[PDB]
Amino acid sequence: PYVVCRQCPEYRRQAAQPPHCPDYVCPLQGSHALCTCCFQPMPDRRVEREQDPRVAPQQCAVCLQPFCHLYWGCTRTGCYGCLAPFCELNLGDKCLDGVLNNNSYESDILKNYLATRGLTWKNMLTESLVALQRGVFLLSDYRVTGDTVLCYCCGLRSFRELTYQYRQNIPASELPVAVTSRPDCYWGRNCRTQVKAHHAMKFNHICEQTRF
C-alpha cells in the first residue's frame, strides 16, 4: 500500500497516483502507522522511541494503539486531543453525561451537586487522582496513574470508575432529599433495567449488588 504523509519527502508526493479527473522526513525504509482517531498516516517511530525517549509518544500505554496527537497534533471533529498524560486529558465538555453507569438520572444528580458548588469535572478528576495515588480509590487498569500517557477512550473508561468512587463518598446530607429517599435497587450499580427512565428515577443505583 502506497503512503504519503505530512512528513513525507517531496519526491514521494509527486510519485503517487494522480486523482481521477471527470523536522522528521520519512526514509525509504520508513514505515507509517495510522492514527487510531483521525485515520491519517504518521511515521512509525515507536520502536525507535524505545531507546530514545526524545521521540514523542505515538501510542496509548493501555490499549497500545497508535495516535498522532502528541506527535504532531491531531485534527478531527470530536477529537478533543486524543493523547495526553491522564491528568491533562481533554475529556470534552460532555464528559459527565451518563458518566455514572451510563445512567442519565444518576449523572444529573452528580451534575447538580457540582454546579451547586461551582465545581467542574476537572476539579473532581483532580481530587480523584489524589485518592487514586494514595490507594484510596482503585482502577480496573490497576496500573494507571495521572501520569500515564493514554487515549481518549482509555482515560474516559478510567474516568468513570474514579467518578463513581467520588459520587460514592458524597455524604447523603449534601444531596437533595429527593435523591437520598430512593431505595437501593437489589441489583445495584450493574442493574440492566436502570437504562429505562422510570426505573433509574425510582431506585438508587449508587450501591452494590445485594447478596445475603
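Quick note: we count residues from 1 along the sequence shown, nothing fancier.
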| item | value |
| --- | --- |
| Higher-scoring stretch by recorded Cα B factor average, 153 to 161 or 39 to 47 | 39 to 47 |
| Per the entry, higher mean C-alpha B factor between 67 to 75 and 104 to 112 | 67 to 75 |
| C-alpha B-factor winner, where the candidates are 176, 171, 146, 53 | 53 |
| Criterion, highest CA B-factor; candidates, 13, 202, 189, 196 | 13 |
| Record-listed C-alpha B factor of residue 34: chain third | highest |
| Ranked against its chain, the third holding the CA B-factor of residue 26 | highest |
